[PDB]
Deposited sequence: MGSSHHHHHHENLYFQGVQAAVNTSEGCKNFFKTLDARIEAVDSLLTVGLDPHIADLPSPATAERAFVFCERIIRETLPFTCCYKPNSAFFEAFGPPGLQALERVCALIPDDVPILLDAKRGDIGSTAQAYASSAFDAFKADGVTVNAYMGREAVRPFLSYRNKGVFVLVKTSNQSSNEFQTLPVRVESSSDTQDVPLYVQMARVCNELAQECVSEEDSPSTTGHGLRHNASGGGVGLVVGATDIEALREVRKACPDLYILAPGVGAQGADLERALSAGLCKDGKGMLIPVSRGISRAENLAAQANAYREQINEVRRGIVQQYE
């Protein structure tokens, strides 16, 4: 079964280990034994995977930290991705964004070379920057909508042309794009969250910071079915219970909570991972119970 994908594999993994926890694989030089190397970055990511695997539904390595070591850093990235099991999606956080010809090469890099199951994308340049990634029909493509940082309140929150914030228009385009890539499948869906993904387990995802509760509420309203990657928990001190409440779908899914330092710096990685997992699960229980 070399038919590993993003969303279908994800859903099974989520139900199998009961988790929406995504674990970031970010080898910051400062967190590695001195003197830092690409090899040490590999070991760092290995131990993390080895210990948090039972509580994790998805691994999110961030390309920048590997790129910091040059070619040996990417050599480490490839080895890290190859280390992750076939039943656990790999979301490559590279926030790539360029024109057609060029985006096709970033897509191939992420999927053919690094062998990721999903990838992060920047759509400032419009849909021509997202489609090339979606041609790989079984892959997850997560578009940056409203980010977790402070400066997101500089362009992303600008009123656009009753006016809507730029990030909202971005979400509407993403939803329209999701609908465009599932246009030939029997509609309406027979399971419900039909735009969540396509028959191959591929589809459009959204990146919305957990830090901004309003944004999650607005994005969810524009894109009711799509998955949302919500960075912010731990490091940026985001309110986890309030975030899930705003972004989770009726079925208690449709949202991924990525944590990096929150886990990697912990005395016990495995115990910490589970702590977030359980914490997340307390909220999911409520959401799913209200509608039964």
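- Going by the record, the unmodelled stretches of the deposited sequence, in order, are 1-25, 187-193.
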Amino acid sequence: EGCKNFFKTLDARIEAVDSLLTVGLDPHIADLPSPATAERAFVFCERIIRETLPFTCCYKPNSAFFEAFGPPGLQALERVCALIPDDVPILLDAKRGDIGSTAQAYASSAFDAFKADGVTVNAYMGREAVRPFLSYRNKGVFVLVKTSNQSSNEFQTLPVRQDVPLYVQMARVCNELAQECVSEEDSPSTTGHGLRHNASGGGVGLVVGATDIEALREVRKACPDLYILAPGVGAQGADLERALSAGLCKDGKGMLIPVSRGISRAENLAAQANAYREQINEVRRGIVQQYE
From here on, numbers count along this sequence of modelled residues.
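- According to the PDB record, 192-200 carries the higher mean C-alpha B-factor of the two stretches 192-200 and 131-139.
- Legend: mean Cα B-factor per stretch from the PDB entry, 179-187 versus 83-91; the higher mean is in 179-187.
- Residues shown: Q75, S151, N122, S109. Highest C-alpha temperature factor in the entry: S151.
- Annotation for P54, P258, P27, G234: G234 ranks highest, by Cα B-factor.
- Among the modelled residues of the chain, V207 sits in the lowest third by CA temperature factor in this PDB entry.
- Among the modelled residues of the chain, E46 sits in the middle third by CA temperature factor in this PDB entry.
- In the deposited entry, the Cα temperature factor of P159 sits in the top third of values across the chain's modelled residues.
- Sorting the modelled residues of the chain by their CA temperature factor places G70 in the lowest third.
- The entry lists a Cα temperature factor for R217 that places it in the highest third of the chain's modelled residues.
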